[PDB]
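Inside the fold
As a plain string of letters, each chain reads:
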2 protein chains.
Amino acid sequence: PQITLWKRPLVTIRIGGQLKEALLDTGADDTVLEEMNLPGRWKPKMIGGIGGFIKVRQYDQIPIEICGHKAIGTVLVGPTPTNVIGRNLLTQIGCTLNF
Amino acid sequence: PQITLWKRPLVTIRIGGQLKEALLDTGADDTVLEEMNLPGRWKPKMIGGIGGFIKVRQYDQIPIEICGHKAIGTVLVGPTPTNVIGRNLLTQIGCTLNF
Ligand SMILES: Cc1c(O)cccc1C(=O)N[C@@H](CSc1ccccc1)[C@H](O)CN1C[C@H]2CCCC[C@H]2C[C@H]1C(=O)NC(C)(C)C
């Protein structure tokens, strides 16, 4: 689909069998979701943006269906202000910026 | 143009006739530029990123050419590690997300 930016580019995702809403974020290198439980082992990591750094749980090779498109990759879980789908997964679904 | 997301979508922007590299960021509601001594009045504002809020100076109706496309709007200046072009300006240059 083609998405304009007059409003936040929010989309529904399926992860761990549960539906969630997330923001398609070209400015984020990684995908970061609010605290939640996910199958498998995770590794402690830290990521930063504006405002500073936060501690997250790194889960690898996690399947996520984004607006009907399949992706399987790294998902960071932590106290992020909101769910963000970063470039690591945006590239998997063939998402590009156009103007 | 079409910009893929294999690497950070950094483009050249012109503000004050000067050139800077900035990130096309669909996840940002606002445009936040690294500290720069812009002239004129401004209003204090707090913007929140992944690691918390930072204080910025809000400048209104500032001309900004993004990768050759002209825009004009609100630009926030503060201690961000990277220049970010948010939806407030991305919409002006007709930028969309596609997949
Ligand atoms: C700058 C800005 C605004 O002016 C208004 C609203 C949000 C933001 C904002 O920082 N949005 C961010 C998403 S994280 C997010 C946080 C809160 C609400 C929605 C999204 C940016 O799109 C992405 N953001 C762009 C950029 C911000 C300056 C530092 C270098 C990158 C860091 C990157 C980022 O945070 N990456 C993570 C991997 C940690 C997620």
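Going by the header, the method for this PDB entry is X-ray crystallography, and the resolution given is 1.600 Å.

Next up on the list: the interface of chain A and chain B. The interface of chain A with chain B comprises 39 residues on the first partner and 37 residues on the second. Across the chain A/chain B interface, buried area totals approximately 3600 Å², and carbon plus sulfur atoms make up 61% of it. Linking chain A to chain B there are two salt bridges. Seen at the junction of chain A and chain B, the total is 23 residue pairs in polar contact. Secondary-structure elements contributing two or more residues to the side of chain A that touches chain B are strand 1 (2-3), strand 3 (18-24), strand 5 (43-49), strand 6 (52-66), helix 1 (87-90) and strand 9 (96-98) of chain A.

Each copy of the chain is related to the other by a rotation around an axis and a translation along that axis. Mapping chain A onto chain B is achieved by rotating through 179 degrees and translating by 0.0 Å along the same axis, at an RMSD of 0.6 Å. What we have between these two chains is a two-fold relation. Looking at chain A, 95% of its interface residues are interface residues in chain B too, so the copies touch through the same face.

Right, let's talk about the site of the ligand for a bit. The immediate surroundings of the ligand are formed by 26 residues, with A:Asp25, A:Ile50, B:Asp25, B:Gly27 and B:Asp30 found nearest. One of the side-chain N or O atoms of B:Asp25 is found 2.6 Å from an oxygen atom in the ligand. Contact with the protein chains hides 93% of the accessible area of the ligand, taken as 780 Å² for the molecule alone. The set of elements that each furnish at least two residues to the shell around the ligand consists of strand 5 of chain A together with strand 5 (43-49) of chain B. Residue contributions to the shell around the ligand peak at three residues, all from strand 5 of chain A.

Let us look at unusual backbone geometry. Residue and element names in this part refer to chain A. Phi at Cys 67 takes a positive value of approximately 50 degrees, unusual for a residue other than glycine. For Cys 67, the position within the fold is in the loop between strand 6 and strand 7 (69-77). For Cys 67, a relative accessible area of 37% translates into the label partly exposed.

Attention now goes to the side chain of B:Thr31. Assignment of secondary structure puts B:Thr31 in the loop between strand 3 (18-24) and strand 4 (32-34). At a separation of 2.7 Å, a polar atom in the side chain of B:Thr31 contacts the side chain of B:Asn88.

Residues and elements named next belong to chain A. By the element assignment, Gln 58 lies in strand 6. As a C-alpha pair, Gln 58 and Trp 42 span 16 residues in sequence and 5.0 Å in three-dimensional space. Setting aside its immediate chain neighbours within four residues, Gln 58 contacts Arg 41, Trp 42, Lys 43, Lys 45, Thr 74, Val 75 and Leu 76.

So, about the pattern of salt bridges. All names here are of chain B. If you walk through the whole model with that rule in mind, you get seven salt bridges over all chains. Where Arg 87 meets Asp 29, a salt bridge forms, and the shortest distance between an N and an O atom there is 2.8 Å. Placement of the pair is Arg 87 in helix 1 (residues 87-90) and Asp 29 in the loop between strand 3 and strand 4, with a sequence separation of 58 residues. The partner of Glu 65 in a salt bridge is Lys 70, and the shortest N-O contact between them spans 3.0 Å.

Once that is clear, we can look at the nonpolar core. Grouped together as the largest cluster of nonpolar side chains are 48 residues, with contacts concentrated most on A:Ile13, A:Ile15, A:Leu24, A:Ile66, B:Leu24 and B:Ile66. Residues contacting A:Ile13, with those up to four places away along its chain left out, are A:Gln18, A:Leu19, A:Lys20, A:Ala22, A:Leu33, A:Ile64, A:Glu65, A:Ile66 and A:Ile85.

This paragraph deals with the pairing of strand 6 of chain A. All names here are of chain A. Of the strand pairs in this sheet, strand 2 (residues 10-15) and strand 6 are connected by two bridges, and their pairing is antiparallel. Following the sheet pairing, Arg 14 is matched in strand 6 by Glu 65. By the bridge criterion, seven bridges tie strand 5 to strand 6 in an arrangement that is antiparallel. For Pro 44, the partnering residue across the bridge sits in strand 6 and is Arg 57. Note: strand 6 against strand 7, eight bridges, orientation antiparallel. In the strand pairing of strand 7, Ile 62 is matched with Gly 73.

Reading guide: rules and limits
- Residues numbered from 1 in each chain as written, not as in the entry; some residues may be left out.
- Chains lettered and ligands numbered in written order.
- Heavy atoms only, no water.
- Residues with missing side-chain atoms left out of burial classes, pairs and counts.
- Contact = heavy atoms within 4.5 Å.
- Buried area = accessible area lost by both parts, 1.4 Å probe.
- Salt bridge = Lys/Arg side-chain N within 4 Å of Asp/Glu carboxyl O.
- Polar contact = N/O pair within 3.5 Å; in protein donor to acceptor, adjacent residues only side chain to side chain.
- Helix = DSSP H or I, 4+ residues; strand = E, 2+ residues; numbered from the N terminus.
- Least-squares fit on C-alpha atoms.
- Near = heavy atom within 4 Å.
- Areas by Shrake-Rupley, 256 points an atom, 1.4 Å probe, with all protein chains shown as cover.
- Buried < 20%, exposed > 50% of the residue type's maximum accessible area, 1.4 Å probe, protein only.
- Core = buried A, V, L, I, M, F, W, Y, C linked by side-chain atoms within 4.5 Å.
- Pairing = 2+ DSSP bridges.

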